[PDB]
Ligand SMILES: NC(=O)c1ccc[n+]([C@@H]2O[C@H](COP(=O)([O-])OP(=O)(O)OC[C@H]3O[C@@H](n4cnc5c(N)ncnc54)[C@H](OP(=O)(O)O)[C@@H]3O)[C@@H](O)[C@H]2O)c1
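Only one chain comes next, encoded as structure tokens, the form solved without the ligand.
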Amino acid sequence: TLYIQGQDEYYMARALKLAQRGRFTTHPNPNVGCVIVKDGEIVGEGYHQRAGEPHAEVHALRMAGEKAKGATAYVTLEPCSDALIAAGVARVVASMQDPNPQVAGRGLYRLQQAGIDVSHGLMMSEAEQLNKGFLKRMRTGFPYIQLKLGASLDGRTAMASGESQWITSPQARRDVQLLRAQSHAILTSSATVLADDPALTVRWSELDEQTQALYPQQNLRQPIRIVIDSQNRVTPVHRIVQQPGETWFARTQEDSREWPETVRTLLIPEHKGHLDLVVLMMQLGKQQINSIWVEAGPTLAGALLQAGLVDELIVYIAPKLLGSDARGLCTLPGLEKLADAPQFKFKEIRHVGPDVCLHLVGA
């Protein structure tokens, strides 16, 4: 009646902390933790690591063996739609009950047919936070979008018009690598590719102590690189396409040149002489992208904000002031209905070396 809940919250927390270990590698699959308990002891633990790799339940089940019979399997996300039954468990505690299918949304009850005690809703908020992007793609058709911005004190960027993105500091660079690494994809404009010739990869060495936990060097997963170039200005000789992993171009007309194996291309309709960002997002949704980290110059960020597609703002502020000639999405207007678009609230603020990071979500 009472101590059961006290213990329930203990083991679910444990199952949630395991699910997290998969957040770098799991895409397009969600994160899932599973903890099997018999007589106050964990007989089996597991989390989903990679799309083709075994489910969390499978991992924990293999571990528990015949010791599973007893009772209580703590899961992060409703199973099925199986082995949990064939390994005769009693009680199962689910945190969440399966997003989109909705037609198949109580495979939770399939275990009840086997006489298995079930229940859901434990720390559902935390399990929600754990799969923000995946869960968004399922409910809506849209990937979850984090917009990174490098600004000075007076708003403003890079001192020059060039759509080149300001990195503000090495610490801010190190901080972005970690956020990059849990994104399904990274998005940028062809202008940024032309102005910076960047790799837009994750570099394992730039990660910290999450180095120790999962993500050993060999497991490193490169987020999918997405480039917007309607006018096909990016060359097959640009660094970005030479990096390991796929790189997808969002272009208007198919490119005639010879591009590396890893290079793909999505054709996107226009909207007032410009590539339609809303269509593209949705298109990326169909293509199973959970979450996008955007390395935007002035134009891209503005267009995303005005299209109401951004879920989160991450603003890195350098302790500098910039002159008139400084570009800045800031002082320099361009946009009209930002005041009348999904507004954001502050969520976290932190020092990041000489910079500060302002974390904003639409909320």
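Superpose the two forms; the largest set of C-alphas matching within 1.5 Å is the rigid core. Note that residue numbering begins at 1 and tracks the sequence as displayed.
If you look for the form solved in complex with the ligand, you will not find it shown, but the lines that follow are about it.
The site on the displayed chain is blocked: the ligand, placed by C-alpha superposition from its pose in the deposited complex, has three or more atoms within 2.4 Å of backbone or C-beta atoms. Within this chain, residue 185 is remote from the site of the ligand in the deposited complex, having no heavy atom within 4.5 Å. In the deposited complex, at least one heavy atom of residue 228 sits within 4.5 Å of the ligand. The ligand is not drawn, but in the deposited complex it has a heavy atom within 4.5 Å of residue 277. Of the heavy atoms in residue 133, none are within 4.5 Å of the ligand in the deposited complex. Note on contacts: among 118, 195, 241, 220, the single residue with a heavy atom within 4.5 Å of the ligand in the deposited complex is 195.
Among the residues 191, 89, 96, 224, the one placing a heavy atom within 4.5 Å of the ligand in the deposited complex is 191. Looking at 69 to 77, 267 to 275, 119 to 127, 284 to 292, the stretch with residues near the ligand in the deposited complex, meaning non-hydrogen atoms within 4.5 angstroms, turns out to be 267 to 275.
Contact with the ligand in the deposited complex holds for all three of 160, 297 and 303, each having a heavy atom within 4.5 Å. Of the residues listed here (165, 189, 247, 290), only one shifts its CA by 2 angstroms or more between the shown form and the other one after fitting on the rigid core, and it is 165. Comparing the forms between the shown form and the other one on their rigid core, the Cα displacement of residue 330 reaches 2 Å or more.
In the deposited complex, the Cα atoms of residue 251 and residue 330 sit 3 Å or more nearer to each other than they do here.
Between residue 273 and residue 330, the Cα distance is smaller in the deposited complex than in this structure, by no less than 3 angstroms.
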